[PDB]
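Bear in mind these aren't lab numbers, they're just calculated from the coordinates by the rules spelled out. We place every Cβ from the backbone using ideal geometry, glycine too, and count neighbours over all the protein chains shown.
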Amino acid sequence: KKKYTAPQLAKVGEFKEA
Amino acid sequence: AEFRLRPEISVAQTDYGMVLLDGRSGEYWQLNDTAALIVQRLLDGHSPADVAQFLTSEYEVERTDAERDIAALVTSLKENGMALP
Ligand SMILES: [Zn+2]
Ligand SMILES: [Zn+2]
Ligand SMILES: [Zn+2]
Ligand SMILES: [Zn+2]
Ligand SMILES: [Zn+2]
Ligand SMILES: [Zn+2]
């Protein structure tokens, strides 16, 4: 079976007006 | 029992992996491969129990850990405003 990596969520950024 | 994304959430598949964008707040998030797989199967209409069975059959993870990890991810998706309660 495949190696398991626990699920992870990462905030990449915040889109804003220029 | 149906997992649903909030209406303002968009998805992209990128070279970094699956990304979720909140069109109102502007926040956007990257999901790793396992998180993306879980979310995709939940959005297909599969139950968390289905997804746990899939994870244990495909990956080196115990069923108990898979259920907890799915639950924690779903909780985090709701916490961070990507999934409806
Ligand atoms: Zn939102
Ligand atoms: Zn699917
Ligand atoms: Zn099912
Ligand atoms: Zn496979
Ligand atoms: Zn464990
Ligand atoms: Zn365990």
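Some points to look at:
- Table column - 3J(HN,Hα) (Hz), the range B:24-34, Karplus curve with 6.51, -1.76, 1.60, x for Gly and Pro: 8, 7, x, 5, 9, 10, 10, 9, 6, 4, 5
- Separation in nanometres of the label points that stand 7 Å from Cα toward Cβ, at B:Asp65 and B:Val11: 2.6 nm
- Test item: B:14-22 mean partner chain Cβ contacts at 10 Å: 1
- Spherically averaged projected area of chain B from its Cα convex hull (nm²): 5.5 nm²
- Taking the helices alone, the protein assembly as shown has a mean residue ellipticity at 222 nm of -12000 deg cm²/dmol, built from -39,500 (n - 2.57) per DSSP H run of at least 4 residues and averaged over all its residues.
- Here r is the Cβ-Cβ distance between A:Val12 and B:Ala49 and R0 is 35 Å; the resulting FRET efficiency, rounded to 0.05, is 0.70.
- Remark: the range B:2-85 carries a charge dipole of roughly 340 debye about the Cα centre, counting +1 on each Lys and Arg Cβ and -1 on each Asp and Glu Cβ.
- Peptide B:23-30 - average C-beta neighbours from other chains (10 Å radius): 4
- Annotation: amide H of B:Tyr59 within the under-5 Å range of A:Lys2, sequence separation 5 or more or interchain, hydrogens built in the peptide plane.
- Estimated distance in nm for a label pair at B:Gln40 and B:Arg24, the labels positioned 7 Å out from Cα along Cα-to-Cβ: 2.8 nm
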